[PDB]
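Remember, it's 1-based here, ligands and their atoms both numbered in the order they're listed. This chain uses plain numbering: 1 for the first residue, then up along the sequence.
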Amino acid sequence: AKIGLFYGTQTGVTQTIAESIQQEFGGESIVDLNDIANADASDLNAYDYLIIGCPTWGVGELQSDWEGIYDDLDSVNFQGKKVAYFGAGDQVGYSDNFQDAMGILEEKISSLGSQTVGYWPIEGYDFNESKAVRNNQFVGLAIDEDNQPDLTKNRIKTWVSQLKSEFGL
Ligand SMILES: Cc1cc2nc3c(=O)[nH]c(=O)nc-3n(C[C@H](O)[C@H](O)[C@H](O)COP(=O)(O)O)c2cc1C
């Protein structure tokens with residue numbers, strides 16, 4: 001596929017979201033699903049369009065598989081690549097660290113020469129702080145199954161539609 005989606009998950013939510021995103025894009029012929037846990041950093045080189053999925057754990061911390069591969073990221077060719085992000089978080093229980101993981105990954109990967117695409121509005125959420133917010137918008141799709149599970153489907157639908165234009169589909 002032209003789009004490589006790499007996700008990490010602890011309790012499975014981010015994987016379900018990744019599968020739904022793949023489905024919304026048109027399936028396996030359009031998006032390849034890859035669990036970062038089973039990947040080498042070089043695996044990301046095979047795609048020119050990437051989607052990075054990661055839930056926030058601990059207190060504003062990276063999901064462990066992403067945490068473990070983080071230091072290998074700078075060896076990857078992200079030069080000029082369009083990268084989109086999504087994450088699972090809990091805005092009620094972690095209002096000061098909502099979606100921090102996605103923010104941490106985007107800060108790192110964008111500093112490696114990539115172009116972030118897929119910005120998302122913060123208005124549909126209620127939180128205090130997030131490392132995933134740059135000038136009043138999320139750097140990617142924020143999903144919250146803990147507090148807003150009923151909004152997930154339409155958010156993915158809307159975001160993928162937005163991404164298609166931003167990627168070139
Ligand atoms: C112990 C614990 C810590 C968490 N820490 C955060 C956090 O700092 N920020 C946040 O947005 N969500 C936080 N969450 C919420 C998770 O990101 C959320 O439950 C998500 O659905 C987990 O996704 P996963 O199943 O892909 O691992 C935490 C949840 C638990 C149970």
Side-chain angles (χ1 to χ4, degrees), residues 1 3-25 27-28 31-41 43-44 47 50-73 83-111 116-160 162-163:
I3 304 162
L5 191 162
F6 290 85
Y7 67 90
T9 192
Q10 194 121 108
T11 53
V13 174
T14 303
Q15 176 172 341
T16 296
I17 299 166
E19 294 164 337
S20 294
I21 287 172
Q22 177 182 51
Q23 183 186 4
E24 191 67 36
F25 261 101
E28 294 172 22
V31 175
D32 280 333
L33 234 47
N34 300 276
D35 187 334
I36 200 65
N38 306 323
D40 290 319
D43 290 346
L44 282 63
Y47 308 89
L50 293 161
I51 297 178
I52 302 298
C54 185
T56 304
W57 279 90
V59 181
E61 298 166 75
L62 293 178
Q63 179 274 334
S64 69
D65 293 306
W66 273 113
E67 173 57 51
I69 202 174
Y70 186 83
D71 286 332
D72 285 340
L73 293 177
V83 184
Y85 304 79
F86 72 93
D90 173 8
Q91 69 203 268
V92 174
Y94 304 82
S95 195
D96 302 331
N97 302 92
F98 185 50
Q99 303 288 350
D100 277 2
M102 166 165 60
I104 290 163
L105 291 181
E106 190 276 346
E107 182 185 25
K108 166 102 286 181
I109 293 166
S110 58
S111 76
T116 303
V117 300
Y119 289 89
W120 192 248
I122 67 164
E123 290 82 5
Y125 311 79
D126 186 28
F127 63 102
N128 297 315
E129 239 70 64
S130 172
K131 284 180 174 177
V133 174
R134 290 187 184 247
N135 42 259
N136 280 60
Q137 57 179 7
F138 280 118
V139 298
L141 179 61
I143 295 299
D144 185 342
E145 284 295 324
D146 298 315
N147 310 114
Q148 299 175 313
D150 296 344
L151 302 182
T152 298
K153 179 184 179 190
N154 205 51
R155 286 175 157 160
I156 294 170
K157 191 151 308 175
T158 303
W159 192 62
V160 170
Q162 165 189 338
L163 273 189

Relative to the heavy atoms of [X], which atoms of ligand 1 are at a distance of less than 4.0 Å?
X	result
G58	3 (C), 4 (C), 5 (N), 6 (C), 8 (O)
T14	23 (O), 24 (P), 26 (O)
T9	24 (P), 25 (O), 26 (O), 27 (O)
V59	8 (O)
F98	11 (O)
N97	7 (C), 8 (O), 9 (N), 10 (C), 11 (O)

When you compare ligand 1 with [X], is there at least one nitrogen or oxygen pair between them that comes in under 3.5 angstrom?
X	result
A88	yes
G12	yes
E61	no
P55	no
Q15	no

So which protein heavy atom does [atom] come closest to, and at what separation?
atom	value
atom 1 (C) of ligand 1	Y94 OH, 3.8 Å
atom 8 (O) of ligand 1	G60 N, 2.8 Å
atom 13 (C) of ligand 1	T56 O, 3.1 Å
atom 31 (C) of ligand 1	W57 CZ3, 3.4 Å
atom 25 (O) of ligand 1	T11 OG1, 2.5 Å

Could you tell me the separation between the CZ atom of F138 and the OH atom of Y85, rounded to the nearest 0.5 Å? 15.5 Å
Under 4.0 Å, counting heavy atoms only: does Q99 come that close to any atom of ligand 1? yes
Contact between ligand 1 and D100 is defined here as a heavy atom of the residue under 4.0 Å from a ligand atom; is it met? no
Any idea how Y125 and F98 line up, ring-wise: parallel (<30°), tilted (30 to 60°), or perpendicular (>60°)? tilted
Donor-acceptor check, side chain of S95 to backbone of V92, threshold 3.5 angstrom: yes or no? no
A quick test of your reading: do over 12 heavy atoms of other residues, nucleotides or ligands sit less than 6.0 Å from [atom1] of [X]?
X	atom1	answer
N128	CG	yes
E61	CD	yes
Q10	CD	yes
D126	CG	no

Residue part near ligand 1, for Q10, under 4.0 Å between non-hydrogen atoms: both
Any donor-acceptor N or O pair under 3.5 Å, side chains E19, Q15: yes
For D32 and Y47, does a side-chain donor sit closer than 3.5 Å to a side-chain acceptor? yes
Any chance you could lay out the side chain to side chain contact (heavy atoms under 4.5 Å, CB included) test for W66 and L105, step after step, and finish with the verdict? CA-CA 8 Å; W66 273 113; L105 291 181; 3.7 Å; yes
Closest approach of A88 to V13 (non-hydrogen atoms, all atoms of both residues): CB-CG1, 4.0 Å
Give the single entry among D90, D146, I143 that approaches atom 10 (C) of ligand 1 most closely by any heavy atom. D90
Could you walk me through whether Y119 and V139 pass side chain to side chain contact (heavy atoms under 4.5 Å, CB included), step by step? CA-CA 5 Å; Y119 289 89; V139 298; 4.2 Å; yes
